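Given next, in structure tokens, is a single chain: the form deposited in one PDB entry.
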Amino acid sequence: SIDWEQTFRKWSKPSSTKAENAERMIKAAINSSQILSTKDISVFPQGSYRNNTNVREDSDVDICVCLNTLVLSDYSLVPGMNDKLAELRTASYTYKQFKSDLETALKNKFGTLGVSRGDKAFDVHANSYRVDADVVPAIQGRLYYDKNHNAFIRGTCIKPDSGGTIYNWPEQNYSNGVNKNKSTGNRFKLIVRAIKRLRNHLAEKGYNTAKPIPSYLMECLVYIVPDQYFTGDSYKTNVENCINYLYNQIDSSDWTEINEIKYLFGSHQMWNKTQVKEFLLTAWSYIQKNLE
């Protein structure tokens, strides 16, 4: 027997200074770089630690280092919009030089043994500064919605070493999560944590359906569930409402990420709605009562 109400209430508990320490140490690594200290660079958390949805004690902090003066624009929505109308200035400093200089600064502060270069981010681990971070080099990304040099949504843009382009909207993710947590009486992020820990519990116990469901996907999926299903006094009922809605609405769905900009499913995502439906069925079966 399992008191799933009690288990979901315990799994909804939050963790505060980890993200702040990571940001401060990466910022200090940048400020000690001669070339990067003069640049217009922002350092800020993103992901679960930013959104207060982190549930694993040993998970890395997602830190974004954004060079704000390099701009990459998505013109797909506005016919006629281009660099000329957007007043894009040509720049000598490139994304590769920025990433290489950031790698040099990270190695300078934290040591080469603690810095590893990946396709998208740097894996940083330095116990001397208590830093366990995924540090993403990004530039200013824009999504225009009108033929006007200011009519755009601003986020971050990543150029992986293996080619291609990626757009992130960390501020939008954060603010949308904050607003949904406000309109649900802080139950939204509680249920996010509970369901993420449910997925982790299922993955550790060998359920294959829980393996390809990462944290950000869970946060997006739970954000999609309407607010009416987060009311009441039973956390288990909220989890079951979320699973029911997501399971019976996903086939006809045309959902977006929590930023309400990027589509949740598509060629740009490594997940598909079949995996999500299978995981939802597994979780539902796992939490039911009187099941032999």
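A residue's number is simply how far along the shown sequence it sits, counting from 1.
As for the form deposited with a small molecule bound, it is not shown, yet the points below apply to it.
Trainee: Identify which of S215, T184, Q172, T209 has a heavy atom within 4.5 Å of the small molecule in the deposited complex; exactly one of them does.
Mentor: Looking at the other structure, the residue within range turns out to be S215.
Trainee: Quick one: of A203, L72, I153, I166, which gets a non-hydrogen atom within 4.5 angstroms of the small molecule in the deposited complex?
Mentor: It is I166.
Trainee: Select, from the options 58-66, 36-44, 223-231, 238-246, the stretch whose residues sit within 4.5 angstroms of the small molecule in the deposited complex by heavy atom distance.
Mentor: After filtering at 4.5 Å, what remains is 58-66.
Trainee: With a cut-off of 4.5 Å between heavy atoms, is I158 one of the residues that contacts the small molecule in the deposited complex?
Mentor: Yes - in the deposited complex, heavy atoms of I158 and the small molecule come within 4.5 Å of each other.
Trainee: I'd like to check something about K107: if you look in the deposited complex, is any of its heavy atoms closer than or equal to 4.5 Å to a heavy atom of the small molecule?
Mentor: No, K107 stays farther than 4.5 Å from the small molecule in the deposited complex.
Trainee: Looking in the deposited complex, any heavy atom of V78 within 4.5 Å of the small molecule?
Mentor: Contact check for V78: no, nothing within 4.5 Å of the small molecule in the deposited complex.
Trainee: Would you please decide whether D101 lies within 4.5 angstroms of the small molecule in the deposited complex, comparing each non-hydrogen atom pair?
Mentor: No, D101 stays farther than 4.5 Å from the small molecule in the deposited complex.
Trainee: Looking at the small molecule in the deposited complex, do all three of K180, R197 and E260 come within 4.5 Å of it through at least one heavy atom?
Mentor: The answer is no: none of the three residues contacts the partner (heavy atom, 4.5 Å cut-off).
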